[PDB]
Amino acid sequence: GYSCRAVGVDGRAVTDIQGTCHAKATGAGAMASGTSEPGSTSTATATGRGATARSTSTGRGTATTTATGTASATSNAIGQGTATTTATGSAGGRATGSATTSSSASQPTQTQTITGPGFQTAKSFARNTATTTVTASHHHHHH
């Protein structure tokens, strides 16, 4: 197997490519990492303070994570499938997402898209294509 990681630094990108594992981080407080195997692909990209991207894959899975701002994205493509998580947190909004694929999952395809203020979370699970997109902006209004 392969593993890769990048610690973000202000004013540049940092990239680490090891085999089929690609990690890239931009900005202090960002962290990107992954693990993969020769037949699989993991790509993790983190940008900005509070961004964490984590991609794990095995077999013939493809795991992709993109975290921008105050956001966490975790994708696990375990044996097969395409697990893609995009989490974006802006102006105080915190976004957390995950996507997992496995031959054992309930549905062949599952797509979850969650957009709103303040803290937002989303998850997906599928055999073949699990896509999670979570976008958080500003704070939840107070009532």
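All residue numbers refer to positions in the sequence shown, first residue = 1.
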Report summary line: The stretch whose C-alpha atoms carry the larger average B-factor in the entry, 86-94 or 99-107, is 86-94
Report task. Have a look at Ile17, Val14, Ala126, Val134 and flag the one whose Cα has the highest B-factor in the entry. Result -> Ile17
Query raised in the report: Against its chain's modelled residues, does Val9's Cα B factor rank lowest, middle or highest third?
Result: middle
Query - Relative C-alpha B-factor of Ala130, binned into the chain's lowest, middle or highest third - result: lowest
Query - Record-listed C-alpha B factor of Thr70: chain third - result: highest
Query raised in the report: Which third, lowest, middle or highest, does the CA B-factor of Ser55 fall in along this chain?
Result: lowest
Query - Chain thirds of CA B-factor: placement of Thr115 - result: highest
